[PDB]
C-alpha cells in the first residue's frame, strides 16, 4: 500500500479541444432551424426562438449535424418521431472520433509516449453502447490494452467536474498513474423540430453545441518532461434543496429529450455562496473576487445571476463567457474549454499564474438533480 500510492496532488499536465468543422452563426440560426425543420408557418414560435437566440450571448456553435444529414433523416426533423436508431448511427461513431481529436491535442502538448497512459475516463451525454466510447477511443488512439477504463454515460453538464474528481483519486492513489480524461458531446441525439407544447426544448436548441475536450492528469510530475497547468485540491457535490425536476433528460424512442424549468438560474444563484463557503472556509478564503472562476456556461442567465449574487467583477466570468460566445453550451466538455481559455489568455496577457494571476480557483459543474459539483483548483506560475 504505502509505496503503491503517489505523494503530491493530482495535476492537469495538458488540455486539448476539438469541435466539428461545421460552424452555425447564432444571428441567422432561427431562420435556419425553422427552415430545415419545415416549421416556417409556426410564426409566433419562431419569434419566441428569435428572442431566445438574441438573449443567448452565443455568437456561434459547432454542429456535426448538417442540412445534408437532416435531409437523409427526416424523422429527426419531426418533434417526436421514432428516431433513436438513426441518431445512435451518427453519435456512436462521432462521439469517440471527436474525443480522439481532443485527446491527440492533449497527448501532443504532454509529449510523453502513449504507453505511459495508465487510465482512461470517457464522459458523454450523447448516446450509449457496449462496448462503450472508452473502448472505441482505446482502439482509435492505440492505448495499451491494459489501460484501466471508466465509461461515464448519460452524465449531463456536471460531467466535466465529475471526470476531474475521478482522475484526482486515481492519480493520487496510484504511483506513476497518468489519466487521460475525455468529454465529448454531439447534439444529434437531442436535435428535433420545434413544438409549442415543449418551450424548454426550444431553449435547448438556442444553447447546446458540439465539442470535445481532453486532459492528462497525474500526481508527482516529472521535473524535466511534464509541465503542470492546474492542481486539483478538493472536489465536492451537492443536491440543491427544493430542486426536484428542475433539469431532467430522458433517452427515448425519439432520442434525448430535455426538461428545463425557468427556476434553474435562481436555484443555482441561491445556493452558490454556501457551496463556496463549504469548499473555501477550510482554506481560510472568503473573498470571491480573489479566486479565479471556471463556471459551467450553462447559459447567460446562470452566469449573470451568480455574478450578481456573489458580487463578482465582470473580469471573473470572462473565460466562461468567451466559451459560451464561441461554442455555446457543450455539456460535459465546457469546463475543460474554460480551463484552456483561461490558461492561454493568462499567458498571452503576461499574468503571473495560469489562473489570471490568482493562486486559488473554483470550478463549478451544474446538472440534473439539481446537482452542483464544486472543485477547488490551484494555479501554477507563468
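Positions refer to the first chain, counted from 1.
Engineer: Tell me which stretch has the larger mean Cα B-factor in this entry, 260 to 268 or 121 to 129.
Structural biologist: Per the PDB entry, the higher value belongs to 260 to 268.
Engineer: Please compare 68 to 76 with 92 to 100 and name the stretch with the higher mean C-alpha B-factor in the deposited structure.
Structural biologist: So the stretch with the higher mean C-alpha B-factor is 68 to 76.
Engineer: Among 179, 143, 84, 214, which residue carries the highest C-alpha B-factor recorded in the PDB entry?
Structural biologist: The record points to 143.
Engineer: Just the C-alpha B-factor column, please: which of 283, 166, 183, 206 has the biggest number?
Structural biologist: 283 has the highest C-alpha B-factor of those listed.
Engineer: Once the chain's modelled residues are ordered by C-alpha B factor and cut into thirds, is residue 316 in the lowest, middle or highest one?
Structural biologist: Answer is lowest: the recorded C-alpha B-factor places it there.
Engineer: Please say which third, lowest, middle or highest, residue 148 falls into when its CA temperature factor is compared across its chain.
Structural biologist: Lowest third - that is where residue 148 ends up once the chain's C-alpha B-factors are sorted.
Engineer: Sorting by Cα B-factor within the chain, modelled residues only, which third would residue 109 end up in: lowest, middle or highest?
Structural biologist: Ranked within chain, residue 109 CA B lands in the highest tercile.
Engineer: Lowest, middle or highest third: where is residue 9 by Cα B-factor in its chain?
Structural biologist: It belongs to the highest third of the chain when residues are ordered by C-alpha B-factor.
Engineer: Within this chain's modelled residues, let me know which third the CA B factor of residue 21 belongs to: lowest, middle or highest.
Structural biologist: Its C-alpha B-factor belongs to the highest third of this chain's values.
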